[PDB]
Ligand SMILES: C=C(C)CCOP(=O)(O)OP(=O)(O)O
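So this first bit is one chain, no partners, the form solved without the named molecule, shown in structure tokens.
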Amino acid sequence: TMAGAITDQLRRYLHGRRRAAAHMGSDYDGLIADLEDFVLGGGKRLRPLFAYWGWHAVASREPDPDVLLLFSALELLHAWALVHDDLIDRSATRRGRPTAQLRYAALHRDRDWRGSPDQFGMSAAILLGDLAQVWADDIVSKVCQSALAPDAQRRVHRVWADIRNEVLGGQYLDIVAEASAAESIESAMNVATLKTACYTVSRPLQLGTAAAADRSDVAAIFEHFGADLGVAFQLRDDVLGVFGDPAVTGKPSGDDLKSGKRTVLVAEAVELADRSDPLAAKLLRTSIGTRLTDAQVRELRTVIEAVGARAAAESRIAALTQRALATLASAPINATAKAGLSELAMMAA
């Protein structure tokens, strides 16, 4: 499959960088090995696949192996995003396994090392995320020099600068929204647009289009396609974060309410409750982002259901997915890319 060919390019790149850095000792080599296990650990490779279909949409032939490596840089970049995300969220586990700060703090305590184990774990986690960022970037620099004409080089860099600027802005806007208790739907839609629409769908699509051809028409359509599908992805995640199966999602029931996320679903519930039951709106406003018992959480989830927020989210997802498919159907791109992107928009739900 295409995800495996993209992943194999990344495995060979990481293996080469690791070997070339072996003179720095076995401790740094162990950190690189940790990065290999996290990045290559397995997944759908959603963002590199969006880059492929963006290339397929405006290209005739298949990309060179080095261009597949360019698409894989989005996977290495995502490791940077997730590792620093786990520090910002103070998450203990990811996919059932301990986060980086916990793995290195436990290593500190197993070795009977001195100083604070938790300080070492956070410091090592910062550096682990930093390494993924500089190496994901080094891929783009290396592939641009070796496999791309200078015009494709300039188009690729401008997408690469935007996607890293937008995911950093999205991260900061999110912690500001949670700290300031931003209630509005517009605030949550802004974060979802930067974090999910731009970072996961639109900009990956434009990376493959930029590497293939000078098609500003298609890049603008993919931005409109990603703005609808990306928000649909976020709302699905928000619904699952409140009402989903914990054994499936990996997070407890009502986790978003537990953690105090400022989702569109939450913002929509406060707005609907303002019109239907002001006392339910006051319950939501004073409970979100606080330490909630299991009973308080079940009550908040039911109130979100009672005022129609979940039903409103489901129709949002249906409408956005339908328009995104309509934008895809009438796009001046190869029909084979229209099939794979409708496939991917469904395989990724």
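Heads up: residue numbers just count along the shown sequence, starting at 1.
- Averaged over CA atoms, B-factors in the entry run higher in 144-152 than in the other of 144-152 and 131-139.
- The PDB entry reports B-factors from which the mean C-alpha value can be compared for 321-329 and 18-26; the larger average falls on 321-329.
- Within the group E166, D214, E75, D85, the record's highest C-alpha temperature factor is found at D214.
- Per the deposited record, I221 carries the highest C-alpha B-factor of all listed residues (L207, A105, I221, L265).
- When the modelled residues of the chain are ordered by C-alpha B-factor, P65 sits in the highest third.
- In the deposited entry, the Cα temperature factor of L46 sits in the top third of values across the chain's modelled residues.
- Sorting the modelled residues of the chain by their CA temperature factor places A192 in the lowest third.
- Per the deposited record, the Cα B-factor of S315 falls in the highest third when ranked against the other modelled residues of its chain.
- The deposited CA B-factor of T302 belongs to the middle third of values across its chain.
Missing here is the form solved in complex with the named molecule; even so, the following discussion is about that form.
- The three residues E36, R45 and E75 each lack any heavy atom within 4.5 Å of the named molecule in the entry with it bound.
- Residue contact check for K261: one or more of its heavy atoms lie within 4.5 Å of the named molecule in the entry with it bound.
- The named molecule is not shown here, but in the entry with it bound it comes within 4.5 Å of a heavy atom of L82.
- Of the heavy atoms in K195, some are within 4.5 Å of the named molecule in the entry with it bound.
- Taking non-hydrogen atoms only, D89 approaches the named molecule to within 4.5 angstroms in the entry with it bound.
- The contact residue chosen from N190, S123, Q171, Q133 relative to the named molecule in the entry with it bound is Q171, the criterion being a non-hydrogen atom within 4.5 angstroms.
- Note on contacts: among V156, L148, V167, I139, the single residue with a heavy atom within 4.5 Å of the named molecule in the entry with it bound is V167.
- Here the chain stands by itself, but in the entry with it bound one stretch of 67-75, 195-203, 101-109, 219-227, 195-203, has heavy atoms within 4.5 Å of the named molecule.
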